[PDB]
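Residue numbers (the deposited numbering), protein chains in the order written: chain L, 1 to 599; chain M, 1 to 459; chain Z, 3 to 173; chain v, 1 to 143; chain p, 17 to 128; chain X, 1 to 88; chain w, 38 to 123; chain t, 9 to 174. Even for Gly, the Cβ is constructed at its ideal location relative to N, Cα and C.
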Amino acid sequence: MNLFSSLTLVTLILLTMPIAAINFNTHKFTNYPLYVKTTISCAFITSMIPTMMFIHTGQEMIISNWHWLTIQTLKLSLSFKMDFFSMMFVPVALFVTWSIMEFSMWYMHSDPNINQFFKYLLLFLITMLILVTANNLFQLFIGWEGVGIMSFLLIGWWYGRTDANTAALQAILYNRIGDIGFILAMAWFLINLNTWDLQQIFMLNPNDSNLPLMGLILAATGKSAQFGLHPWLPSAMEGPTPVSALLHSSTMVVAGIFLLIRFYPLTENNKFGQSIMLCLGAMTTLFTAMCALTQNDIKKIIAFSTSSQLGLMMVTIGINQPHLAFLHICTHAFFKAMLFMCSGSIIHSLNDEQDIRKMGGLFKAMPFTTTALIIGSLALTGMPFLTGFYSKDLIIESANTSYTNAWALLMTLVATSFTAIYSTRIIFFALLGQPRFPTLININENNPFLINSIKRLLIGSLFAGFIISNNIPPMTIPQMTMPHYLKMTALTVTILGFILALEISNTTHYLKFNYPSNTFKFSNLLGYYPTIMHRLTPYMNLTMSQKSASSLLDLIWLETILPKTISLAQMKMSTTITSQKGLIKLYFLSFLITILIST
Amino acid sequence: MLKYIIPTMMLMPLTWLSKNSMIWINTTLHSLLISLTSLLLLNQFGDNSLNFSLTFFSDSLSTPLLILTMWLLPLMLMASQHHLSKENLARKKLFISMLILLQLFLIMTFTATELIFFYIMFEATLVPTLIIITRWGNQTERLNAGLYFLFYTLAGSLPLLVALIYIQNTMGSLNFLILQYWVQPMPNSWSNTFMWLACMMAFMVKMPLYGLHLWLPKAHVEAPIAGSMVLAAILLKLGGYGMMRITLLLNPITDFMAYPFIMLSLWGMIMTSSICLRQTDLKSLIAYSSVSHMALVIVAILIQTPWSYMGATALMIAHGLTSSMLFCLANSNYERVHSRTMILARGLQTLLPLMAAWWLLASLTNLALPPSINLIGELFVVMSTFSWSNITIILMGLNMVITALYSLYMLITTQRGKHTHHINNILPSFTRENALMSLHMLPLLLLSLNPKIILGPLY
Amino acid sequence: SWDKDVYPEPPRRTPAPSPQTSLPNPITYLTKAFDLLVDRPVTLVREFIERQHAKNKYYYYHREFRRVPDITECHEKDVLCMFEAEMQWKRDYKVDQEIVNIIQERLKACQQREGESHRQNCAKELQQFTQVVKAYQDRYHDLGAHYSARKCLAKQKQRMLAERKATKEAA
Amino acid sequence: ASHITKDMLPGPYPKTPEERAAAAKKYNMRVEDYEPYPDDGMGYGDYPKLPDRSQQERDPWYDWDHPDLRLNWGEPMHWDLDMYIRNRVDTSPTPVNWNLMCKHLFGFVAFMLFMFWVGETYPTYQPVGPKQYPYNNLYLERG
Amino acid sequence: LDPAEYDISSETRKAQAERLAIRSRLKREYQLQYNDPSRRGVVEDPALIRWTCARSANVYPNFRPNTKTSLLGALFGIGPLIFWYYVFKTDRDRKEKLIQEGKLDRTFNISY
Amino acid sequence: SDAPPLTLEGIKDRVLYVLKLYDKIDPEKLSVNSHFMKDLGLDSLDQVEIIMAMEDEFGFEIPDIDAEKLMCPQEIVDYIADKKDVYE
Amino acid sequence: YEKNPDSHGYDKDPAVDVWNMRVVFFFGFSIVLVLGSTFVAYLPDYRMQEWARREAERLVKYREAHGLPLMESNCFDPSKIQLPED
Amino acid sequence: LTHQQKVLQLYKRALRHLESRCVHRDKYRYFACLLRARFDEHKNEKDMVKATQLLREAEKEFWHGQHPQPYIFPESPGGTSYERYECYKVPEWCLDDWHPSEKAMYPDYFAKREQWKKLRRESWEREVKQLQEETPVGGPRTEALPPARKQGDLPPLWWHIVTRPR
């Protein structure tokens, strides 16, 4: 049973590195980045054992270690919460980061700051792990703002390039609104439940969970990219590619909904909650479908795709199917991590243009990366029968049925379809036409770092979703009796949009002069510029009102010194005349004997 | 306590009689040796506040604040050098003497039992600071912002003596222990009005509430770095402290009387938090920051939940170290290029690659990062205020977002984005700078392990 | 070796392992090997430290506090009695605090033990929880920053009077 | 040194406009610029006599090393630089569309019209007379 | 914003605007352009000092003649503020009511 | 890495190469000194084209103001030579 | 603008600097941080709360074992108290 | 500002937006050819006002041809680079002070660097003389920097020898 004490070993196996990154200050020059990588794998196998132990006997034991202060009636310590959410997730996180770190050893080899870079990226991983293993909601909060500020630093990896650090600042801003929601949920849990302890909140189910759980909706929408707050991703591209990979797959934007999954028994009820869920995750699916197309930076396409995914997962928290979502988070991590970590092969291999215009055809000394792009593309299409199918298709089957408000069904359909048409875009451009781009081919695929990275990630991917497939101890009744026309539409929509977009950008006739109004609203009628610029001016307006209270404050104090200016007149009321104060003090002195005569 | 009063008083002639060039060594040394016993001061236990002597005692809150003071002298004095490092000896011994005497009256104030001894030692604390910042403040036109600054204090700060002496002859003893157990309810009417308002506004002038906050910025831009770490790490916590104690009485009154001030602090938290976003001249940013956190403190004081105090005091200490340090960063940047204006230079991730870590680390500790004591205190305060009004979290968390924005904006455009390349002066770091930064953060990060020292009397 | 009936450990109810199919032994190789590698090499050390401790014993005592008249027998003023009363009031208070901690932890461990059964077997302990926390809720809850005895005794006066009118309207 | 006149107070009529042209931009429309400072000032709103400018984009275009974004030039700073550079928008033609977004909110309110109405479970929907819906309603009998 | 009308520039505006504008400019470009050895410290340019001093609010302490000013400031701190006074006092008193009567359904509240 | 730099030999071979691919004038006279307009009398709009497609050869920079006055090939090689990092 | 030639370099003018960093790094980093941090790390039980745990355990065990309902509210026995009258 | 760069700019960025329009580069070709004729019929008339007029018409008709994300080659300001490496540029006045140990870490660099320090320490008087001589009163008219006639350096050189891009 104490092999789960080895599970609380692996976290310190991760803890080990930064200590090496500080104390010795020389042998790090020996290529520790390799060393960090090895620590990640050690955490992968040593983290793999507990999963097996669980999936035979279950047996999830929470440990409190030594308690954190006391205060009044609630002693909050810290914990590591083995939920099978943690048990199953952490090997995925460590695995994908194994990939991204080896790939990074290929990506940053020129950068002189590489060591520091791994210090960060690793530390980011620590914040994730400590988030997804925690129950006690204060420790959640810790991992929450930890991964947040780590997003700030990593997206801000490049000092200078005002664009970059600016994007970073917008990101951390949105995280902080998600925070206001989160600490709302915390406070409510105090006053009403006299704790935040993720066990105790589960035990006593509040009759009224409305307000706090709404707060949880907000906190989820902050990080998760959800609607009403978009701009996170597309400017979050400004970070270096590997950081972007790790950012959209295993961490952050998934850790937004990971909280809602964490509280799932509390969101079982208040159909107000599921209502808002599918009222919103929907809006991100079709919204990002409407605003995603035609923007020509490959990395950015990948971004908006992950946004649409996240929408679909929010919808999966809709109704009640939290586990299906959870599985789709893991699978999604594999697939899109693959997709980025290949797109870097494209970019850096090309020099770097990273625009979908130019680019070229599929196979030009690029066999393995393109293979990764139709494994990952063909993958993220919704799969025909492949791994992620075990997520997305089940998702649209159950969501396709029962009590959904039904505005979400069409949402699912055209959503997934436009995902497929993203794929058709990146193939019909990056993989299709004979090469057109800046000449002097520099391209190289030859290096064990990439091939080994993408290698392991794809070998795993196709075989990982299959292990996750039927090791998922059954948590509910699957539909599994699926009616005609409510069954046959899963794959079928992916083929209707597959064919439709196919003929859209295939056999294109003369293209010149005008384009549509929708293409100008496909980039957008600003949801980026309107909110960022508009919402940027308002605080300055409040600085003008601040000049009103400040100028009125020193204008009132200037009314006291103006009362000291004309109070000097109360001194200057003296006429300095000996016939004035002498004889007036004599007359008014006889008026002191007049007032003293009657006083 | 007297064992802490002698050693500094002896630390005065240590300064005065000494060979030239050893004054900093002697003072720093023996002052840290004081700090050890300041750390001895914690016996505090159980229920009764320890009482050293019938004249002055210590409960919890006085103990953390005091430890912070006696810890803060050696770091302060340590920091003040090289601001000058050229003068006649008399200037040096005069300045160190003044810092000493100031510390003495501070210890008097925090330890003081009886509120009149507290008050005498109160203005007696204000004078030495004034002499510091005015006699040499780098004096931009001098603003005369020390002197009528002392008028900002005394203007409405004198009548609290009146109200006190009233409390004296009505109830007899002004000993705080016996003012406790004898406190009797005071109904809401017009006499209790002018009284409550007297004491309240009297201390509220010190921790600036948004109405009076014009007090700080000028006084704190004109201050030499020693006078700054004096000012905003401590001299506000005096007002908030005495506030903590004299709110013992005024029991029902503070409700109907509190409400307007609470409103003003909840709005001014956001306002000040805004105006500090857009300004130039870095030295002001951290000032208005102090105004913001102190507004949050007042909010915590008036609502009387114990949570409110725990988070409150935690915010006193954490904001003390954080704000203090961050000032000292502004100064360490100022000696490099003579500006005070933020936007002037930039870069310093390239250059001074270490000084980054202290900028980052400190700014994060003012960003309310979860394990940091600043977020412990701020967090409990937000809990209390949400308990008081379910609605106020819009304003509170909105301060969370703004404080995030400027606190992380300072971290940039001083420290990042380009080197202005017409500079060619800045000399890489120092060992002293690293010593100062370290002596600030390292305890602020360690306290994030065993905080139960710094949480308030109620715990 | 904590006091057992304070912190219940229910029956362990461990199931009997059935192989049920003939395959490799994926964890058990490493549960035995672990119990070879990490069990004894630590166990020797903990035991050695044990005997090292045991060669020289210590005795440290849990303190006691006697009782006093508390708030009643003190006159309206003349603190010299009051100080004892109200400070020990504060002690007993913190004691009640830690009682609340104990119950509140029993509930958590209860749900974690049950598993998916959340409303089955925690009913008793949750019940006594609502009992105690309603007691604390009634007594100490709303007083304020500055509280000693006078205010607790005060609130108790308040409830006694409100319930005395409530029991005249009981007629 | 900081000269006796480094800035500010306007309002002397005849030669102060040219004086403000000095120490700042000086030209025909620049005399009208220092003048535009005292015209924008008008009755005192806490703005001193510092010169004026517009919000248009002078931005990075590769030559001339323009204003305070990257400063090789010593001309006036206007009032902007605390707004522009790092985080801002300033000037462009812009789409200026308040419809499309609010007409996605059209999608939302369309939903909330779908909110009281519903899709159902099985198999199909809207023959409806007063048909059943889930609550299972009348009687029970068979035999 | 949106360069338009493609101004014909006339004659004066050509001669005046060109010659005078780039006149003063190149004067100051070459001015700070010296960039010799032997300067250790900052280049100190009198620009942006005017920025700082003016943005320190030079007209703040003097006065604020009425005009529309007291209306913009007073109404600027009027409508939202005092209304928030009224709403926190409102919800305050409501909270006190539902505590003192009926039920707020606090049940276990405790730490507060 | 993105290893290969553009050296003087290389860039020479490139500007030279593409200008030899320009059809409307012949490889007959092409030399770094050979005048980029006066010799060939090419349209100035057409030199805007040359700098266009040559920028699309090397893919960077070339602001309009500096692109205006370029002319002779050796000069173009020079601009790319200081803008890129070229000399030994 | 005095700067230093930066012959080595530190706090103050030469040859006393080494002693300066020695006293400030030693008394500042060594003694108070490490020593003090061990002091307040574990000092005697602070605020008595450990004692509170023990006492709580004993008292609760007694309260169940003797059948009394624990935590009776009423901080003072109404058996001894008096009430004002209308 | 002259008709030259006005027309030529509109032509150039017109080709740019046209690049961003189409794909496979051939359709871009013969479309760009139709445009080549569209400006090719032009330019043969020295009539004054007619021309600028028709140009402005091409300014609106061009402004229609802008889709919001025109292709931007990486190095200029744009979503790819514009100083990705900017944290790597350390000015040569830094390293003027390193520790004499590390100043001995690379013994032969500072040799030649010292030949530069003397190159431009011996200089700047020749510079100031030549400049103070040449400048017309105020130096208003010229943003340029004319060379040196005598054998030696070009006078305002120092910053123009730069830290290079990466």
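8 Å Cβ shell around residue i - same chain, five flanking residues per side excluded
i	result
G46(w)	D54
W188(L)	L211, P212 and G215
Residue of the options minimising C-alpha distance to residue i
i	options	result
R436(L)	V32(X), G41(X), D56(X) and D23(X)	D56(X)
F463(L)	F334(L), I451(L) and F588(L)	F334(L)
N333(M)	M201(M), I225(M) and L367(M)	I225(M)
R141(Z)	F36(Z), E100(Z), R161(Z) and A172(Z)	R161(Z)
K28(L)	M101(L), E397(L), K119(L) and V96(L)	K119(L)
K6(Z)	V97(w), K40(w) and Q119(w)	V97(w)
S461(L)	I257(L), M48(L), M290(L) and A337(L)	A337(L)
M121(M)	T109(M), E141(M) and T113(M)	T109(M)
CA-to-CA distance, residue j to residue i, given in whole angstroms
i	j	result
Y36(t)	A45(t)	14 Å
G45(v)	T85(p)	7 Å
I201(L)	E27(t)	59 Å
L193(L)	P234(L)	39 Å
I80(t)	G86(t)	6 Å
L155(Z)	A110(v)	60 Å
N123(Z)	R15(Z)	15 Å
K69(X)	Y79(X)	11 Å
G240(M)	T313(M)	9 Å
Contacts around residue i, its chain only, beta-carbon distance under 6 Å, and the 5 residues preceding and following it disregarded
i	result
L69(v)	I85
Spatial neighbours of residue i in its chain, beta-carbon cut-off 7 Å, leaving aside the 5 residues before and after
i	result
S384(M)	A300, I303, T305, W307, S308 and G311
Under 7 Å from the C-beta of residue i: neighbouring residues of chain Z
i	result
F202(L)	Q113 and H120
Neighbouring residues, chain v, relative to residue i (Cβ below 8 Å)
i	result
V58(p)	Per Cβ cutoff of 8 Å: no residues; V58(p) is ~13 Å from chain v at best.
Proximal chain M residues relative to residue i, where beta-carbon distance stays under 8 Å
i	result
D105(t)	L427 and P428
Under 9 Å by beta carbon: chain t residues contacting residue i
i	result
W158(L)	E91, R92, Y93, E94 and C95
Within chain v, the residues that residue i reaches when beta carbons sit closer than 7 Å
i	result
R278(M)	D82
Neighbour list for residue i in chain t, Cβ cutoff strictly below 8 Å
i	result
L351(M)	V98 and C102
Proximal residues of chain X, C-beta to C-beta of residue i below 8 Å
i	result
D63(v)	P63, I65 and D66
Proximal chain p residues relative to residue i, where beta-carbon distance stays under 7 Å
i	result
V127(M)	The premise fails here: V127(M) is roughly 26 Å from chain p at the closest Cβ pair, so nothing lies under 7 Å.
Neighbour list for residue i in chain L, Cβ cutoff strictly below 9 Å
i	result
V135(Z)	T73 and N194
Checklist entry - Enumerated in chain order, which unbroken segments of the alpha helix (DSSP H) with a length of 4 residues or greater are wholly contained in the region 364-403 of chain L? => result 367-380 and 389-399
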